[PDB]
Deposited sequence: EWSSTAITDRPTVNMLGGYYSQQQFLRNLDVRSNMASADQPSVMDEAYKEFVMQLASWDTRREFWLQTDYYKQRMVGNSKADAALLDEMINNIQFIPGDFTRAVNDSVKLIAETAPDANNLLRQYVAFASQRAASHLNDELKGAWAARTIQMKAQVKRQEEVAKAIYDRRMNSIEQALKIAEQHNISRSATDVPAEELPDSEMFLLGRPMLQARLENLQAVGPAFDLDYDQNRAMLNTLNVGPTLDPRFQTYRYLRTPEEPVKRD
């Protein structure tokens, strides 16, 4: 009987907090902006049937409307999932992305859509953070192997040279100094050191901004 509508877009750099420069850090090591990628997760969370189901189940609004009939309670749940409607923008006609939520009173429509948007955002950020951890750890592992191969090339160059000099200053000298490492090696080594520190995983960042924040509707549907 009453609805709120939100219209959203990509979050700003500031909103992404610690997430932004670590995802850029990783990118400028691997080779659609971070804020787009982040938004894409949000938009997926917002439209997801699962996201809508999990939201309602953790709501007082829903819980208070149960009657203890397994089957009427499942249908109520299904109705409520169908009362959150996401419409993908098409940007050919300046139509932005929007979500609408239907409920039985006006303050409920406003409060619940704001809460849903936050819920969708928190799930998105948790997820983008999962992906960051398993991109950081993977790049750490990859970098460890490269540095390890570099040690093993160096040592094999050292051993060849070691052999060749035996067959008296240069033997002892080379034997006390070890394998000869280039700048490439020393650079990768320092990069490992920051990588080994591990990412900062802050769960609080926002994953969208509002072009239209929900408000108490003034008339019924």
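Missing CA stretches, deposited numbering from 1, N-terminus first:
Deposited residues absent from the model fall in 32 to 40, 177 to 211.
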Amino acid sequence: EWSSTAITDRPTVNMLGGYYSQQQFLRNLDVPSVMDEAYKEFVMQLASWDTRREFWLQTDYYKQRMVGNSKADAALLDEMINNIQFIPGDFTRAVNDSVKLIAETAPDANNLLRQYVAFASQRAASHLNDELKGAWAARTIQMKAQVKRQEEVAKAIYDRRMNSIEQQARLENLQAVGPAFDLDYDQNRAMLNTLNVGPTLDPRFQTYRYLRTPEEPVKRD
From here on, numbers count along this sequence of modelled residues.
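Of 120 to 128 and 87 to 95, the stretch whose C-alpha atoms average the higher B-factor in the entry
It is 87 to 95.
Assigned third (lowest, middle, highest) for the C-alpha B factor of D60
Middle third of the chain for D60's C-alpha B-factor.
What third of its chain, lowest, middle or highest, does the C-alpha temperature factor of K100 fall into?
According to the entry, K100 has a C-alpha B-factor in the chain's highest third.
Within this chain, which third does the Cα B-factor at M80 fall in: lowest, middle or highest?
Tercile = highest for this residue's CA B-factor.
By the recorded C-alpha temperature factor, relative to the other modelled residues in its chain, which third is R189 in?
Bottom third by C-alpha B-factor.
Test of reading the entry: by CA B factor among the chain's modelled residues, which third contains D30?
Highest third, going by the recorded CA B-factors of the chain.
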